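One chain comes next, on its own, written out as structure tokens in the form deposited without 2-aminobenzoic acid (BE2).
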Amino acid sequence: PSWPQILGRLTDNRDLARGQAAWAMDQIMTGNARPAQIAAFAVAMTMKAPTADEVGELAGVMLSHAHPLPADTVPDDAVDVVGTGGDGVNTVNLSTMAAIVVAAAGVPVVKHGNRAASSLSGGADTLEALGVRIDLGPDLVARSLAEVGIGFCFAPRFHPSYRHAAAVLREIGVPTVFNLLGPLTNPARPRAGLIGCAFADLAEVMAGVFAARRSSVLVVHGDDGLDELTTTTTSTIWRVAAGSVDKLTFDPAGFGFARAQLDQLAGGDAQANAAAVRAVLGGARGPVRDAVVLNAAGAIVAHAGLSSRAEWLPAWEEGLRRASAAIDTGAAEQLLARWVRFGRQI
């Protein structure tokens, strides 16, 4: 195959043949692709409308080039809590906060992330400011996970071959199909997760990729455009279980959640967002907390769905019970401190 062959086809508004997206991404990962070819491919693939197979081959190749974690160090039931980003809105780090709470409820967590692309502080940014280390390689992410209950995979450190593509996509400035990869390329390959998507027309495609692996994942998009489960309004959820997707709308009001204004969830620089995490874990009641509990519940229901013998509602109310208890007992706050303390000790 070739670039004009592949680019020609996409610009003809045609789905690619099996293996074509993989060859293209492999060319990219292996540094054999000129910056203009990367850009054309990325834009062309977005405007055509990508398929699950296509994006699955993109994520597949990427993973196959990624640093893996050591064998028998990632639990069978580990969850991820990560979004695509591209909110447009500049919220406090909801995914990061819920991750800590989830791990504090004793659900193993291997989080993928990096810095903000558009926002003032990313997950990795906010974690850095807290004094939790985001540099850790495969072996120490494995250690951290077993020793603290949570581990953090920093995307650049696990995905060096993405460097070629990453610079190019920054220059473009528009989001593309590539903005989907982060959540689909966690190097630990955890089989569950809560997965945020800022682009409502692409979210089904992510769900499609997760269903191919037979993951238990809720792909989420707030109807306010949030790549999290919102408290402002309702959220659309593509539930991924048993290798099939199904669409839902989710209403916090049915679990007694006060509706909220978007700007109550608004965020700032790293220090500020790190202050917000200390606040919430510390027990500050209000909008931000509600948001964190909600999403933390979400991930826990995805965990629960690893088992086929599971109903939606009883699992959500268990989830909300546990996220809330994880904060209120101080266990969440403990865990963060335990985790910082882990990093300062090789």
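Residue numbers run from 1 along the displayed sequence.
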> Averaging C-alpha B-factors over each stretch, which comes out higher, 263-271 or 122-130?
Replying inline: 263-271
>> I need to verify one thing: averaged over C-alpha atoms only, is the B-factor higher for 108-116 or for 169-177?
In response: 169-177
>> Can you tell me which of 233, 216, 185, 96 has the maximum CA B-factor listed in the PDB entry?
In response: 233
> In this PDB entry, which of 282, 35, 298, 60 has the top CA B-factor?
Replying inline: 35
> Which third of the chain does residue 293 land in by C-alpha B-factor: lowest, middle or highest?
Replying inline: lowest
>> What third of the chain does residue 311 rank in for C-alpha temperature factor, lowest, middle or highest?
In response: highest
> C-alpha B factor of residue 160, ranked within the chain: lowest, middle or highest third?
Replying inline: middle
>> Taking only the Cα B-factors deposited for this chain, tell me whether residue 87 sits in the lowest, middle or highest third.
In response: highest
> Among the chain's modelled residues, which third holds the C-alpha B-factor of residue 322?
Replying inline: lowest
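Below: the form solved in complex with 2-aminobenzoic acid (BE2), not depicted.
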> Taking the pose of 2-aminobenzoic acid (BE2) in the deposited bound form and superimposing the surrounding C-alphas onto this chain, would you call the site open or blocked (blocked if 3 or more ligand atoms come within 2.4 Å of backbone or C-beta atoms)?
Replying inline: open
> Is residue 162 close to 2-aminobenzoic acid (BE2) in the deposited bound form, meaning a heavy atom pair under 4.5 Å apart or at it?
Replying inline: yes
>> So in the deposited bound form, is 2-aminobenzoic acid (BE2) close enough to residue 114 to count as touching (4.5 Å, heavy atoms)?
In response: yes
> Does at least one non-hydrogen atom of residue 265 fall within 4.5 angstroms of 2-aminobenzoic acid (BE2) in the deposited bound form?
Replying inline: no
>> I'd like to check something about residue 275: if you look in the deposited bound form, is any of its heavy atoms closer than or equal to 4.5 Å to a heavy atom of 2-aminobenzoic acid (BE2)?
In response: no
>> Looking at 232-240, 69-77, 149-157, 251-259, which stretch has residues with any non-hydrogen atom within 4.5 Å of 2-aminobenzoic acid (BE2) in the deposited bound form?
In response: 149-157
>> Within 4.5 Å, heavy atoms only, which of 172, 129, 166, 212 is in contact with 2-aminobenzoic acid (BE2) in the deposited bound form?
In response: 166
> Who in 73-93 is close to 2-aminobenzoic acid (BE2) in the deposited bound form, meaning a heavy atom within 4.5 Å?
Replying inline: none
